[PDB]
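In what follows, one protein chain appears twice in different forms, each by itself as structure tokens: structure 1 and structure 2.
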Structure 1
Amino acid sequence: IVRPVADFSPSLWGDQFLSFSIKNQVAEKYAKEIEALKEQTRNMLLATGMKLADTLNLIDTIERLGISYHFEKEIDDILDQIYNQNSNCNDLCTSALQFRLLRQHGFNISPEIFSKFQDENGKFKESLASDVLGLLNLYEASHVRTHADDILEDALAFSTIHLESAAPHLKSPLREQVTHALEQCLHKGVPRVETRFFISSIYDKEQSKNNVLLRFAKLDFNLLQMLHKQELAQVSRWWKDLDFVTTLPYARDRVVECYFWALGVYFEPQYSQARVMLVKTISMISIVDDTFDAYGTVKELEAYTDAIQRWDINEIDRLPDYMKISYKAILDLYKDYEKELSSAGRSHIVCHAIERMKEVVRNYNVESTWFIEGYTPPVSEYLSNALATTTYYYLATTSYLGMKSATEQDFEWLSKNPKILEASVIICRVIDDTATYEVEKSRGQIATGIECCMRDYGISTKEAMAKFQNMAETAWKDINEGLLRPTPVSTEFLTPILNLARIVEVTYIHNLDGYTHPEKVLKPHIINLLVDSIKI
């Protein structure tokens, strides 16, 4: 009979993104200067006879400035040289940076590089507590551990306590860099978010800074931002022409946040078509989610689920009027993808994303059934269903659609649920369940994962959320390990999965629902990435 009642916030943004006209003259000006600065930077990278520590800081600086996607060949060659030369005689600062940069790029450098900084007990020499730059680089490095790196077991706690201790008396911008590192490490942050912070709050205020790199980074950031705003304008126009804001009023209106997620998966210009496909899907499955999660009677969701499995416009008449709206929108979206990909003969690959979406919808229907029955499964059984309901198997598959170079063999690998994809999915699940345990346990929801975890192990909500946190930490060890050479597929198809995990950490930072309540977390990120340019 009657439905639930509306609890969701409206879009924060109105139509402020709907229209954006690129100032073409400015665009060409920026692009023209960048080409000159690009070659100056390349020559910095090819300069012969640099010290190890200077070469690492140059690579680090360029990566954090968001301009390393211009120099993948150069940076790879350099790190390849460093990996295969074994220079072990350096201080903590250089050693920890060396370790991090090589691991992030898939070079399996031994964690024994850290032996010289530990005593016979394997715990870090406390005499290092006053090397702030060394601690900072150790702190960052401690976040790329795999399961083989238990020698670094103490690195995070050791560096954290002493960085906290030093911070209030540090000079700027080092103090700000440390304070922000402690809030958000580099490895698990969204790359555009960290780049924007680094460029304007840190590097712009360093006395040592290289002016060519700073100017390069500002111009390149503001130039990509113009492309992002164009993309968001086109997606805003598509979303508005759908008009789910009035015809499907029960669902979250978050296409801007969805674009932010797509931007986190990749920011580079060559992934423009990919981002636009990805965001359309994210916002569309967000609708489907809210239909099971907050409007769908058990019967109604059954008709919807079967309709999705058969995947055929003939099925719309078995559905309620309001479900006809979302269902045809879904079917039309995939005919769109097919035509958009028809050009490059990449049309066939769409059925991979479709099959993964059928799978999501099947488990929405299960977990709905669990809530109406009030079933609290064992945690193993709960995860066996709740992993796919993250949508991360599905967004990961989708993310490949627009990538011009994704082949069938790539989708084939992704379909076998590889360990890197599984870890990213696990991180999303357990963090979502912690961040939104109350948000959901408001509406009498007893199907929550935490509740399963409490019932299963006979432990409190304390130990529950803890035990979930650990699964996230184990999963990060598996992501880091999935990045190491020889990689199963090209790094290009691993980075989107890594970035999915990063987006989880960033959106649900400090254990809050950042997607449903964007005001706290996501609004600042969106303003910094898509509203305000960097003051040049």
Structure 2
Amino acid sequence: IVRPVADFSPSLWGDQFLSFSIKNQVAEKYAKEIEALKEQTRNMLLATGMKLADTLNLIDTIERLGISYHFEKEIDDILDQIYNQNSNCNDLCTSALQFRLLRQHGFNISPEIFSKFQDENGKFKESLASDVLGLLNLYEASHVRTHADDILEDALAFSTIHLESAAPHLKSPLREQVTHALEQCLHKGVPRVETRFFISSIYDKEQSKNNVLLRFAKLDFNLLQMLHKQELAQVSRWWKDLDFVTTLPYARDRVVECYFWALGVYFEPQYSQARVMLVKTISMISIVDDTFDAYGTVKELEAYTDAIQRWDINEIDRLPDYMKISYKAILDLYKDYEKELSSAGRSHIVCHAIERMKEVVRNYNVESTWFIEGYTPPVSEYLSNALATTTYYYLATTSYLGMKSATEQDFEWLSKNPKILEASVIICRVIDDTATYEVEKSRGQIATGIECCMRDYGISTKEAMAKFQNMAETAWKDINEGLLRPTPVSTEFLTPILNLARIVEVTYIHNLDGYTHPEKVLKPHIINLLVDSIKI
């Protein structure tokens, strides 16, 4: 057997994350000051007689500064009151911000709030075109629309064209905030990434910044970063001890990138265990993925797929030696998950992730079969297989494993492929397919999504691309509507799904697979989130 040649770039990180010793005196110092600042901030939010605009700005700032996770109850109580009083007497800036915060928190505020800013055709009054703050808030709000928000059909284009026009002559940091928003809207961005940017490049440079809030945001970011670096050191040591980098040299060595994904799914300290479980899973399926794509023969992959279905160490002897390595490691990892959840009496939910893994592997095999047969399925059949091969059902399921309050009922809801999860998977699928179409077209993969699309509908590459683009836009509307109250599960279990979609967007920004080629893509984020602390 002459396997394909190894074409993956090595880890760009070496061992710089392998060992990290937290400075306990610095951490304790930070935690102590944060305690005082957290109470001050709490009192800011509980203050009486605040104007609506000031209240919404306070909440937005605290959210963008990445410290809202300290104030879930307070922010929710305030937004609930605003939602209930339903005042409709403000400017575009405040109205657009009111609309976004409420929607993002699941309050289904009517889009009729925007009517006063439009004419009889539903077109935004082009006389708003010189209101940059209104436009910036309208722009950000345009990305939380649902299928019921056709009143906002023109909002993204209207705000984009006029913000683009105004941007070069804006003062700082507003110019930088606007230019950044045009590249990356807030609602679809990875929360820690947007927080790091907002703290350092924007709020730190605002003339009217609240100093207590800024100080709080920097200390809190840096203190959490310590925990993240601890988790990453731990996972790095775990990965190094597995030594796949030498014994499975064909596969991407990307544990840092895997960690970044887990950090994107949730950054809060209470999700420490959940992150570490998640990154190990992402790492392991990455090995599996590489095995199907760039190494294993038809026969071997058949064996591996069957072994995974049977999920039994007895099957290892049916596998080639190199496949024994990952198979044993996979089974061990899940026994470790079970053991790890034991004291909490939550070992019984691990099986949900296992079953999702089996689905990913089944469908990897189907993808391989289609490839060798030269099969080009219709889009519906293509998606019935290709959605799971994003691994996104599996990752969402995995993200719940270490979440202490995730119950069997939460997993059961997820098992039925709810709309919000389905949308996140579709977004992952269509963006990946869009990005990789030309690469894999030359690779000879006749069963790409775009190809299936062109042949199914009798359309051009450009039309197929656009149709895939529409599927992602539909899916983002489904995600937004899937966040609306009443939620089918606690919001806590929706945000990881939302965050998986956000990671896709960020990872394939500028149309390149960021995880396989982190250099341009993930590397800056990794440096910003896990290497450099925010300078105080």
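Here, residue number means position along structure 1's sequence, counting from 1. Rigid core here is just the name for the largest C-alpha set that superposes within 1.5 Å across the two forms.
Among the candidates 440, 257, 220, 432, displacement between structure 1 and structure 2 reaches 2 angstroms at the C-alpha for one position only, 440 (superposition on the rigid core). Aligning the rigid core leaves the CA of residue 70 displaced by 0.2 Å between structure 1 and structure 2. Comparing between structure 1 and structure 2 on a rigid core frame, one finds that residue 460 has its C-alpha moved by 2.2 Å.
When the core is overlaid, the C-alpha of residue 469 ends up 1.1 Å from its other position between structure 1 and structure 2.
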